[PDB]
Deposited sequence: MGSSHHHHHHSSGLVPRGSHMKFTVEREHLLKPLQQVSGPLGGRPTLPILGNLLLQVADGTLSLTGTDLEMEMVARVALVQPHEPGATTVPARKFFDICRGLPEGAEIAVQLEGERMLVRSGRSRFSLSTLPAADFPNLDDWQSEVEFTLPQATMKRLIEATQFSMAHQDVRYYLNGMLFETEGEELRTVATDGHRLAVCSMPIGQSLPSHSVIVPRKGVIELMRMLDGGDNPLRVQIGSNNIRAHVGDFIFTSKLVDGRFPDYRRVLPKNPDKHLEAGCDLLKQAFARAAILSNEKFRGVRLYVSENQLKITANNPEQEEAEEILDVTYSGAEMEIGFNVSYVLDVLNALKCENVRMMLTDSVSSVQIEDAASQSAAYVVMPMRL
């Protein structure tokens, strides 16, 4: 085969950037993109073995079928570097891939397409289509709560759950937990899968913020997302993910309400004088009042006092201020509700006007 194609720079740029996502090499070919020309289509694939991103570009100009792999970064940089409106002529020449446009000529090293990894075939168990904005809301509400390199490898990912008419995401690191559910206007079977850390990153990356809908297919060990001309596939993670229903506090009778921004700014200032490693803050809750205290090894001290909506019993509780700030930053709302039990129990935090997302933060011993 003698692979050859000519494509407008503007039809090649966004696909190249998208398929280079899973990249960042061990096996040399993993640093390359797979290019395949067949029946009016150029396919571009990037992989890291755990996941793959494939883009399809319609070939309107004459072309000859074939396949090769080229260095991803170099090929994208060449194409991006060319002027707006450039026509990009690509051709395999022996073991080199030539890229030509105007009087610019580039000859790239290649690796055989036969060597390019290909995820095994599988059958879909559940399928649904939803707006990209729904998927973005779900991931952004919970992504920060995923563990970082925990031994319990399932915590390094994100749980994706279908139930009734809702899609839900759950993330936890064993100290704090985030859960968000959204209706997607279709009845679904109940299914729960764990998407790996990089998989969640790529899912987010392919959401261009437009009106092209997101079609999801879930298998027993794989997930696939289709947006426009892109198809992302990832392996799923093994493990018994914790059950958010059991993590939510049973009777968090003490309800505090406050402006989200005023609460966030008061914790952000207190954080300045918290211990740099442990990040501990002390909260003292009383009638319509919250007091936040932070101190560090140098005995420096921050104290903040806020007017809040609170009428229950007085109590003191310690938290890692970064976990609290992460929740407040993810809520991006007007008012927040904190639902407390006691000094040694978790707090549930929510947007006071929406039960779509719930956050559970375990306290620290004072």
Checklist entry - Could you list, start to end, the deposited-sequence stretches with no C-alpha atoms? => result 1-18, 43-44
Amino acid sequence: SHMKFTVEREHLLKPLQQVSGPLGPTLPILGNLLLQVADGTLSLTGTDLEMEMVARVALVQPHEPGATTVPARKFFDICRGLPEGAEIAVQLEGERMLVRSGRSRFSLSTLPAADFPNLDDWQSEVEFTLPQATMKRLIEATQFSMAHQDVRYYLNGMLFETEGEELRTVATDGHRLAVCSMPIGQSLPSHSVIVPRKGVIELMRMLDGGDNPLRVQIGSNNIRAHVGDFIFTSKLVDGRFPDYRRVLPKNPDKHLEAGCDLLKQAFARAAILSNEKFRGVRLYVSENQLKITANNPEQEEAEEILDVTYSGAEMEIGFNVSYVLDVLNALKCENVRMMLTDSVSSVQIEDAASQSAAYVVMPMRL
From here on, numbers count along this sequence of modelled residues.
Next on the checklist: Test of understanding: from the entry's C-alpha B-factors, which stretch has the higher mean, 230-238 or 206-214?
Outcome noted: 206-214
Item to check | Comparing 118-126 with 256-264, the one whose average Cα B-factor in the PDB entry is higher | outcome: 118-126
Checklist outcome for this item: Among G318, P65, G31, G312, the highest C-alpha B-factor in the PDB entry belongs to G312
Item to check | Options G94, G174, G185, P71 - largest CA temperature factor per the record | outcome: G185
Next on the checklist: When the deposited Cα B-factors of this chain's modelled residues are ordered and cut into thirds, is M3 in the lowest, the middle or the highest one?
Outcome noted: lowest
Item to check | Within-chain third of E287 by Cα B-factor, per the entry | outcome: highest
Item to check | Among modelled residues of the same chain, the CA temperature factor third for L13 | outcome: highest
Checklist entry - Should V37 be placed in the lowest, middle or highest third of its chain by the C-alpha B factor in the entry? => result middle
Item to check | Third of chain Cα B-factors occupied by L328 | outcome: lowest
